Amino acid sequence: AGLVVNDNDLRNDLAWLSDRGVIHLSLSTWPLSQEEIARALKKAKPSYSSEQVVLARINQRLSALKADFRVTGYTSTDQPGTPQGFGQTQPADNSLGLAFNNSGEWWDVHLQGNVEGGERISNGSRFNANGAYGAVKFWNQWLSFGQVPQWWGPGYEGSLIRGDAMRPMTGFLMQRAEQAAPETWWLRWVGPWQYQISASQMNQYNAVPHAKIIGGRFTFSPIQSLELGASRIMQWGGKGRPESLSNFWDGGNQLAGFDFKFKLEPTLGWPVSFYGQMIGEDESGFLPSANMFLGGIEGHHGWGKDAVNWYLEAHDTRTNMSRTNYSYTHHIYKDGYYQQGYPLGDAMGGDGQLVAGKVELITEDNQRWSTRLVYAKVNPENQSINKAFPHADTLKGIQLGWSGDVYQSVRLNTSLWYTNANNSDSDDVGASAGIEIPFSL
């Protein structure tokens, strides 16, 4: 029960089911309420065997994720050269995680400890409690405290406003549990809708210590084919900053924009969707300005009993696809829209252009083969505020992956990549490998 933070295997399986019309479920605001996954599963309409295979995997995964005790591990030769997608940015070359889990009807507790080797992202200590939260449920709302990662929007490679490519921040978070449409007769048109609010404290944020990220996101689906999102973030507070309830208003540094996802299955019967996101650095009342852009197209197919996932996605984190040295920059918050050098927005940082494609096959067996190509111009102004991509570079890379159960429930995750670069700080070739061991108590 409770929150379900960024998992990549889960998301792709849910997205497959959703875009094929077998379930109806928003996947553009993480973490997801499990109670909302459960509801969509109870009104699931499969018609192929491939679809029953994927379906059965959903609860199996949530059992894995929320097992009483869970040991996780990651090791690698080096940092990947290209930026990584949803659920795929590791903060160190070598990691080891121990988590105690417990949840019920009205509670979710995830006590997570991590120890690290060969830091990529800076920290106070090689020990940390990232991902660690406790949550309680009341009146269909989940209230959470901890270091919970989020994902805001329909993109697979990044969120332009609140992503994953950075250490999760300590704070409060609130959400609907079940996300049904409003009962009120004159609001029933809105459809399934969801809010997320969060107040967080930035870590080691030099230029203005203890800076807060306060934010809000709203989504709704008026028709099964269209989801619409809105989200806003303000960088606020800190040492030498106004921190009054008064100064805290909306009328700091702001980011704000919209996203959408349009499913084609309900009309053309194609298990294909397209999506977009537009976040701006300034706000013209109702619309944003100084805009970063993101768009993509995704498909989801059955083979025999196997499943195939693919997406093609383009990002532009310049200002209006031309102007540089303003995206993820600020004049008060001078370290920019980054924690410990790593972007709170898109994995690239600001002023970046990115096209990426990914295909993956998933066996009945639940082996998962993947292939990923990417082209990326990054940090053209060699901005120090971005430690993810310190230098102006053009990246042309390929990344292969394999996921599979090795022994009973012990799962192994490998990766292998090559990156053509002009001035990277990481080996042109490398390989990583992760492990998951769930235990009962």
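The numbering used is simple: start at 1 and walk along the sequence shown.
Visitor: When you step from residue 251 to residue 252 in this entry, do you jump over none, 1 to 3, 4 to 9, or 10 or more residues of the deposited sequence that have no coordinates?
Guide: Gap size class: 10 or more residues without coordinates, per the record.
Visitor: Between 335 to 343 and 290 to 298, point out the one with the higher average CA B-factor as the PDB entry records it.
Guide: Result of the comparison: 290 to 298.
Visitor: Using only C-alpha atoms and the B-factors in the entry, which stretch averages higher, 181 to 189 or 110 to 118?
Guide: Per the PDB record, 181 to 189.
Visitor: Just to confirm, going by the entry's C-alpha B-factors, which of 320, 159, 203, 130 comes out highest?
Guide: In the PDB entry, the greatest C-alpha B-factor among 320, 159, 203, 130 is found at 320.
Visitor: With respect to C-alpha B-factor, does residue 225 fall in the lowest, middle or highest third of the chain as deposited?
Guide: Highest third, going by the recorded CA B-factors of the chain.
Visitor: Classify residue 172 as lowest, middle or highest third according to the C-alpha B-factor given in the PDB entry, relative to its own chain.
Guide: For residue 172, whose C-alpha B-factor we compare with every modelled residue in the chain, the answer is the lowest third.
Visitor: Sorting the chain's CA B-factors, does residue 396 end up in the lowest, middle or highest third?
Guide: For residue 396, the deposited C-alpha B-factor lands in the middle third.
Visitor: Report the third (lowest, middle or highest) to which the CA temperature factor of residue 42 belongs, ranking only the modelled residues of the same chain.
Guide: Ranked within chain, residue 42 CA B lands in the highest tercile.
Visitor: For residue 259, return the chain-relative third of its C-alpha B-factor as stated in the PDB record: lowest, middle or highest.
Guide: Answer is middle: the recorded C-alpha B-factor places it there.
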